Protein chains: 2
Amino acid sequence: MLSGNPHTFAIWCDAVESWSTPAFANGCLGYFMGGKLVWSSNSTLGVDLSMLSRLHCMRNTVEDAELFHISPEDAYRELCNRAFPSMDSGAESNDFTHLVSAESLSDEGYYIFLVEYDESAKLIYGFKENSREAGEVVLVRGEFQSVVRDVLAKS
Amino acid sequence: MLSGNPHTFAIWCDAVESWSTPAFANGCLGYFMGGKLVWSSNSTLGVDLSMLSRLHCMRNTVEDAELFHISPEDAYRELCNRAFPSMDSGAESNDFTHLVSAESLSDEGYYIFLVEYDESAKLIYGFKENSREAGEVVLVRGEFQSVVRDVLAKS
């Protein structure tokens with residue numbers, strides 16, 4: 001199943017019949033972001049989908065003007081800083097506000113963040129601590145949520 | 001001011017008149033733990049005291065049988081794991097349940113945890129990621145809270 005538009009944002013997912021049981025739809029899940037695909041063949045789609053439905057961005061704004069306007073490289077480093085603060089930071093509560101990776105994707109090491117500005121939005125993504133190779137794609141605001149919501153409706 | 005018993009657990013704190021303003025008591029704070037002292041001369045006592053009053057252990061139990069009975073070295077590593085999970089852990093929410101350092105202390109790098117068992121309790125402490133030189137002192141259960149509560153009463 002494929003919801004959204006791979007040139008901007010889409011989710012592609014399917015169970016593999018031979019990996020699965022009536023309880024566990026096990027198979028593949030990927031995000032297309034500005035034409036690029038990051039994917040995992042390690043997903044249990046019920047668990048991934050129920051967790052996408054409870055991302056902070058589904059019911060709250062994730063406005064951040066700085067992160068929108070700075071480099072993809074710097075933003076991804078700052079977002080990974082917020083999510084995984086070190087002991088230099090003191091005793092700081094971690095921040096997953098902007099994180100929108102499905103669990104299968106996070107668990108492989110794809111960290112994918114949503115930042116909104118006014119009427120636009122950015123997915124900012126990279127692999128692990130490789131901030132140099134980070135990237136992003138400009139979306140319309142609400143586009144990510146609406147694609148997610150579509151995936152949940154169609155299942 | 002000094003509340004508790006340095007041979008088990010005490011808090012020692014005072015404003016420094018020259019660092020302070022009528023609005024802010026700025027000065028020193030230390031924890032004595034089994035006769036050992038860890039201290040900071042960079043504490044704002046209002047902020048430290050109000051944050052001690054809201055530690056998870058003031059309202060909730062922090063029973064943990066494993067952490068009580070294992071090595072100080074291993075327990076401190078496991079507690080620092082929970083508090084500062086890495087990207088290996090996936091996208092996991094940090095855990096400060098057991099942390100009881102005042103902020104001035106955690107900001108310098110003293111991480112001090114409370115673990116309860118039955119009728120007893122342990123402060124488990126170390127500096128930064130130095131799990132080898134960790135240590136602990138056995139307290140009576142409720143002793144830590146009671147000293148904290150005493151510091152708040154006397155201010």
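Values below: all heavy atoms of this structure, side chains included; hydrogens, waters and symmetry mates excluded. Quick note on labels: first sequence line is chain A, next is B, and so on, each numbered from 1.
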Linked, directly or transitively: [X] and [Y] (ILVMFWY side chains, under 4.5 Å):
| X | Y | value |
| --- | --- | --- |
| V16(A) | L49(A) | no |
| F84(A) | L67(A) | yes |
| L99(B) | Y125(B) | no |
| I70(A) | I112(A) | no |
| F96(B) | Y110(B) | no |

Q | Derivation and outcome, side chain to side chain contact (heavy atoms under 4.5 Å, CB included), residues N42(B) and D107(B) | A | CA-CA 9 Å; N42(B) 283 329; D107(B) 280 6; over 6 Å; no
Which atom pairs, one a donor and one an acceptor, fall under 3.5 Å between side chains of residues 148-155 of chain A and the rest of the protein, sequence neighbours left out?
residue	atom	partner	partner atom	Å
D150(A)	OD2	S3(A)	OG	2.3
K154(A)	NZ	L2(A)	O	3.4
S155(A)	OG	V151(A)	O	2.7

Would you say the side chain of [Y] lies within less than 4.5 Å of the side chain of [X], judging by non-hydrogen atoms?
| X | Y | answer |
| --- | --- | --- |
| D64(A) | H98(A) | yes |
| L123(A) | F144(A) | yes |
| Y76(B) | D74(B) | no |
| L139(A) | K122(A) | no |
| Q145(A) | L114(A) | yes |
| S101(B) | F113(B) | no |
| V115(B) | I124(B) | yes |
| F32(B) | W12(B) | yes |

I need the minimum non-hydrogen distance between [X] and [Y], along with the two atoms involved.
| X | Y | result |
| --- | --- | --- |
| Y31(A) | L52(A) | OH-CD2, 3.1 Å |
| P72(A) | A134(A) | O-CB, 3.8 Å |
| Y111(B) | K128(B) | CD1-N, 4.2 Å |
| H69(A) | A65(A) | ND1-O, 3.1 Å |
| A25(A) | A15(A) | CB-CB, 4.2 Å |
| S104(B) | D48(B) | OG-OD2, 2.5 Å |

**Q.** Presence of salt bridge, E136(A) and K36(A), under 4.0 angstrom
**A.**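 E136(A) and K36(A): not salt-bridged.
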Q. Does the distance from a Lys or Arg side-chain N to an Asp or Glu carboxylate O, for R132(B) and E73(B), drop under 4.0 Å?
A.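 No.
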For atom [atom1] of [X], is the number of surrounding heavy atoms from other residues, nucleotides or ligands below 6.0 Å larger than 12?
| X | atom1 | value |
| --- | --- | --- |
| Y117(A) | OH | no |
| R59(A) | CZ | no |
| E63(A) | CD | yes |
| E133(A) | CD | no |

Distance check, rounded to the nearest 0.5 Å: [X] atom [atom1] versus [Y] atom [atom2]?
| X | Y | atom1 | atom2 | answer |
| --- | --- | --- | --- | --- |
| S93(A) | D95(A) | OG | CG | 9.0 Å |
| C57(B) | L55(B) | SG | CG | 5.0 Å |
| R77(B) | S131(B) | CZ | OG | 4.0 Å |
| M51(B) | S106(B) | CE | OG | 11.5 Å |
| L29(A) | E108(A) | CG | CD | 10.0 Å |

Treating [X] as the side-chain partner and [Y] as the backbone partner, does any N or O pair qualify as donor plus acceptor under 3.5 Å?
| X | Y | answer |
| --- | --- | --- |
| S40(A) | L105(A) | no |
| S89(B) | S86(B) | no |
| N94(B) | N94(A) | yes |
| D14(B) | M1(B) | yes |
| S43(B) | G27(B) | no |
| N26(B) | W19(B) | yes |
| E103(A) | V47(A) | no |
| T44(B) | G46(B) | no |
| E143(A) | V140(A) | yes |

Q) Is it the case that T61(B) and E116(B) place a side-chain donor and acceptor less than 3.5 Å from each other? A)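 On atom types as modelled, these side chains do not qualify, holding no pair under 3.5 Å.
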Q: Go through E119(A) and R141(A) one step at a time and tell me if the salt bridge (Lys or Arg N to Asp or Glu O under 4.0 Å) criterion holds.
A: CA-CA 5 Å; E119(A) 285 307 358; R141(A) 184 168 77 75; 3.1 Å; yes
